[PDB]
Amino acid sequence: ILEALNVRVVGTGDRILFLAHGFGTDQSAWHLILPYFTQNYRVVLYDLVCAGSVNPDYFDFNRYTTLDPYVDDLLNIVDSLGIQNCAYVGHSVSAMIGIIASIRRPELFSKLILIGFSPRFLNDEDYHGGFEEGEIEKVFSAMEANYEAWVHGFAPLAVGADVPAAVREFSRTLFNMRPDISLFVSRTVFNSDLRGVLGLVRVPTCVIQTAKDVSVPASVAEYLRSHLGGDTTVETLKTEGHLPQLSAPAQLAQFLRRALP
């Protein structure tokens, strides 16, 4: 599973940093914000199986039916690298994963920093998710429809801010993803939820909040801080974009170090 999801390591030190990209994107996304840390920690970064920059033949439509296996792999990697003390930085998808894992190994996690993280992408009765059965299927709709067309309209939103580069870079990864893959990964996330499970997280987390996320309501940035218990401070980025890792790495960089370790 090592070369499978092309893992890689940079920098040096007693400190072991980790970077897990999320939906669409791939590890390359961290690039624009990696040098800012490589000279202090030992950064690790892989590429989810769904990723486009990864052999699709490793993606099993009978496996990744939910969010569990995706958390297995993550740990499977950690073991093959034999690690006990590190820092996880998960965004969007990989944000949840860190959460799930963060409980299955409250040991292998010192400071859980989450980016554009969310519990349930589907809004419940007394829960505001920002997307309901309609809102989602509408998207799933054109999605299986004209992928080549769907992406053209999504990128601009997630990124949002006027950054033609940090918005174009997202399409790249978004294309390398065999639609089927994306198609699936979507429904799973949206069909996934880990509310209650949150309180269980012991590791002192750290949620990220942007000016306006196209997929994560604002309120939510507070609901998290609500059911965590572990020393979890939810900071905010004075900028725009769903994926700051690229939209404006400048600030994210600096602001990241203010937590980890």
# chains A, B, ... in the order shown; residues from 1 in each chain; ligands from 1
call {"tool": "residues_around", "arguments": {"residues": "region 209-221 of chain A", "least_positions_apart": "3", "cutoff": "6 Å", "atoms": "only C-alpha atoms", "output": "JSON, numbers by chain"}}
result
{"A": [130, 158, 224, 236, 237, 239, 240, 242]}
call {"tool": "closest_atom_pairs", "arguments": {"of": "region 33-145 of chain A", "to": "region 199-208 of chain A", "cutoff": "12 Å", "atoms": "only C-alpha atoms", "output": "JSON lines"}}
result
{"residue": "A:85", "atom": "CA", "partner": "A:203", "partner_atom": "CA", "distance": 12.0}
{"residue": "A:86", "atom": "CA", "partner": "A:203", "partner_atom": "CA", "distance": 11.6}
{"residue": "A:87", "atom": "CA", "partner": "A:205", "partner_atom": "CA", "distance": 10.4}
{"residue": "A:88", "atom": "CA", "partner": "A:205", "partner_atom": "CA", "distance": 9.7}
{"residue": "A:89", "atom": "CA", "partner": "A:206", "partner_atom": "CA", "distance": 9.6}
{"residue": "A:90", "atom": "CA", "partner": "A:207", "partner_atom": "CA", "distance": 10.1}
{"residue": "A:91", "atom": "CA", "partner": "A:208", "partner_atom": "CA", "distance": 9.2}
{"residue": "A:92", "atom": "CA", "partner": "A:208", "partner_atom": "CA", "distance": 10.5}
{"residue": "A:95", "atom": "CA", "partner": "A:207", "partner_atom": "CA", "distance": 9.5}
{"residue": "A:96", "atom": "CA", "partner": "A:207", "partner_atom": "CA", "distance": 11.4}
{"residue": "A:98", "atom": "CA", "partner": "A:205", "partner_atom": "CA", "distance": 10.1}
{"residue": "A:99", "atom": "CA", "partner": "A:201", "partner_atom": "CA", "distance": 7.1}
{"residue": "A:100", "atom": "CA", "partner": "A:201", "partner_atom": "CA", "distance": 8.3}
{"residue": "A:101", "atom": "CA", "partner": "A:201", "partner_atom": "CA", "distance": 9.3}
{"residue": "A:102", "atom": "CA", "partner": "A:201", "partner_atom": "CA", "distance": 6.5}
{"residue": "A:103", "atom": "CA", "partner": "A:201", "partner_atom": "CA", "distance": 5.4}
{"residue": "A:104", "atom": "CA", "partner": "A:201", "partner_atom": "CA", "distance": 9.2}
{"residue": "A:105", "atom": "CA", "partner": "A:203", "partner_atom": "CA", "distance": 9.5}
{"residue": "A:106", "atom": "CA", "partner": "A:203", "partner_atom": "CA", "distance": 6.1}
{"residue": "A:107", "atom": "CA", "partner": "A:203", "partner_atom": "CA", "distance": 8.5}
{"residue": "A:108", "atom": "CA", "partner": "A:203", "partner_atom": "CA", "distance": 9.6}
{"residue": "A:109", "atom": "CA", "partner": "A:203", "partner_atom": "CA", "distance": 6.7}
{"residue": "A:110", "atom": "CA", "partner": "A:203", "partner_atom": "CA", "distance": 6.3}
{"residue": "A:111", "atom": "CA", "partner": "A:204", "partner_atom": "CA", "distance": 5.6}
{"residue": "A:112", "atom": "CA", "partner": "A:205", "partner_atom": "CA", "distance": 4.3}
{"residue": "A:113", "atom": "CA", "partner": "A:206", "partner_atom": "CA", "distance": 4.6}
{"residue": "A:114", "atom": "CA", "partner": "A:207", "partner_atom": "CA", "distance": 4.9}
{"residue": "A:115", "atom": "CA", "partner": "A:208", "partner_atom": "CA", "distance": 4.8}
{"residue": "A:116", "atom": "CA", "partner": "A:208", "partner_atom": "CA", "distance": 5.9}
{"residue": "A:117", "atom": "CA", "partner": "A:207", "partner_atom": "CA", "distance": 7.0}
{"residue": "A:118", "atom": "CA", "partner": "A:207", "partner_atom": "CA", "distance": 9.3}
{"residue": "A:119", "atom": "CA", "partner": "A:207", "partner_atom": "CA", "distance": 11.5}
call {"tool": "closest_residue", "arguments": {"among": "A:51, A:192, A:175, A:1", "to": "residue 72 (chain A)", "atoms": "only C-alpha atoms"}}
result
A:1
call {"tool": "closest_residue", "arguments": {"among": "A:148, A:135, A:126, A:57", "to": "residue 181 (chain A)", "atoms": "only C-alpha atoms"}}
result
A:57
call {"tool": "closest_residue", "arguments": {"among": "A:176, A:40, A:188, A:226", "to": "residue 15 (chain A)", "atoms": "only C-alpha atoms"}}
result
A:40
call {"tool": "residues_around", "arguments": {"residues": "residue 171 (chain A)", "least_positions_apart": "3", "cutoff": "10 Å", "atoms": "only C-alpha atoms", "output": "list in words"}}
result
residues 24, 25, 148, 151, 152, 153, 154, 155, 156, 166, 167, 168, 174, 175, 176 and 177 of chain A
call {"tool": "closest_residue", "arguments": {"among": "A:42, A:195, A:187, A:31", "to": "residue 64 (chain A)", "atoms": "only C-alpha atoms"}}
result
A:187
call {"tool": "closest_residue", "arguments": {"among": "A:75, A:93, A:198, A:139", "to": "residue 22 (chain A)", "atoms": "only C-alpha atoms"}}
result
A:93
call {"tool": "select_by_dssp", "arguments": {"residues": "region 112-150 of chain A", "states": "alpha helix (DSSP H)", "output": "list in words"}}
result
residues 133, 134, 135, 136, 137, 138, 139, 140, 141, 142, 143, 144, 145, 147, 148, 149 and 150 of chain A
call {"tool": "atom_distance", "arguments": {"atom1": "CA of residue 50 (chain A)", "atom2": "CA of residue 9 (chain A)"}}
result
20.5 Å
call {"tool": "atom_distance", "arguments": {"atom1": "CA of residue 49 (chain A)", "atom2": "CA of residue 191 (chain A)"}}
result
18.5 Å
call {"tool": "residues_around", "arguments": {"residues": "residue 144 (chain A)", "least_positions_apart": "5", "cutoff": "12 Å", "atoms": "only C-alpha atoms", "output": "PyMOL selection string"}}
result
chain A and resi 137-139+149-151+178-184+186-187
call {"tool": "residues_around", "arguments": {"residues": "residue 80 (chain A)", "least_positions_apart": "4", "cutoff": "12 Å", "atoms": "only C-alpha atoms", "output": "PyMOL selection string"}}
result
chain A and resi 1-3+7+73-76+84
call {"tool": "closest_residue", "arguments": {"among": "A:169, A:5, A:223, A:245", "to": "residue 129 (chain A)", "atoms": "only C-alpha atoms"}}
result
A:223
call {"tool": "select_by_dssp", "arguments": {"residues": "region 31-139 of chain A", "states": "strand (DSSP E)", "output": "PyMOL selection string"}}
result
chain A and resi 42-46+89-91+113-115
